[PDB]
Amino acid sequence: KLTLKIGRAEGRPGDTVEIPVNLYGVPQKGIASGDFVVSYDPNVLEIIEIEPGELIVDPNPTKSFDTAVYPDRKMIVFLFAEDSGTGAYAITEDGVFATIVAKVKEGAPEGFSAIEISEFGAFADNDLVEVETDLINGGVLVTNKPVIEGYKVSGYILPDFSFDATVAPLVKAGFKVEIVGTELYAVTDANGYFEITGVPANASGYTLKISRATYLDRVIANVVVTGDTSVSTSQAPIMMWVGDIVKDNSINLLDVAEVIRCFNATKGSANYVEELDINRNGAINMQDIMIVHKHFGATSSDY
């Protein structure tokens, strides 16, 4: 059964949206003519243009298909009449009859803004016989919720040592997680959380590189992205080992030697280097060294 459907779109104020006008159940005899009027809310939408759809087969589509946009009347007039005079440019298949290209206005109210077939004349086939037709209204869902293409890769990271609430925000924050071979990255927040959005689909798998000054780089290979991907949870975080201070991807004596150069320094003193204060308690001492020792002799592969 012949049906004319105004489609749906979703946008934020300022977005350009495309609202398809579809025809279904087109008779075997084809459709040679049609006329109808759509009403819209010009508070929400500025119509930019109406593109003839794939169903419009006139090489000069404007000769068979035209619209008249009347913003003051809140109306778009659609007129179709196969221009060949012999049935050649009659609509013969179901599909997109036209595309309404509209800009959602800069300070437009939110909510669903209906686009409705407010007046309908007739669709008639090549023999001028009127075809009985169903009407379906549509519109644009205007919200302020952002939509990102591509996927979110997220997770939790935790340093492997003991610390309390006075320093948790300092030691949990600042891990860089990089998607290797891209410019995509995230930095952990005060809770050890990171998320990278807009990550392209890749079922072959990404490698993630987790890095931070004084930490042993961690590489997580084969991260498959076919959707939003969580690589770890706050209860079972990705652990990171501190002690790669002289950066050679190994925790060894040169790393400990660097802490010793600041041995017993306290926050505010000449020789205090905040990075060497492993546990950030305000003093550089054997307690910091013993944290380094937790993973002594370790290299990135040992994770």
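In case it trips you up, residue 1 is the first one in the sequence shown, and so on.
If you average the CA temperature factors as listed in the entry, which stretch comes out higher, 193 to 201 or 100 to 108?
Mean B over CA atoms: larger for 100 to 108.
Out of 140 to 148 and 153 to 161, which stretch has the higher average CA B-factor listed in the record?
Comparing 140 to 148 with 153 to 161, the higher mean C-alpha B-factor belongs to 140 to 148.
I'd like to know which of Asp277, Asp41, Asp244, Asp35 has the highest C-alpha temperature factor in the PDB entry.
So the option with the highest C-alpha B-factor is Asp41.
Taking the values straight from the PDB record, which of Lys209, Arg73, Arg212, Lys172 has the highest C-alpha temperature factor?
Spelled out: the listed residue with the top C-alpha B-factor is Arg73.
Quick check for you: using the entry's CA B-factors within this chain, is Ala9 in the lowest, middle or highest third?
Within its chain, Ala9 is a highest-third residue by C-alpha B-factor, going by the deposited values.
Please place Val273 in the lowest, middle or highest third of its chain by C-alpha B factor as given in the entry.
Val273: CA B-factor falls in the middle third of its chain.
For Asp217, does the deposited CA B-factor place it in the lowest, middle or highest third of the chain?
For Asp217, whose C-alpha B-factor we compare with every modelled residue in the chain, the answer is the lowest third.
Which third of the chain holds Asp255 when residues are ordered by C-alpha B factor: lowest, middle or highest?
For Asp255, the deposited C-alpha B-factor lands in the lowest third.
Relative to the other modelled residues in the chain, which third contains the C-alpha temperature factor of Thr67: lowest, middle or highest?
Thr67: CA B-factor falls in the middle third of its chain.
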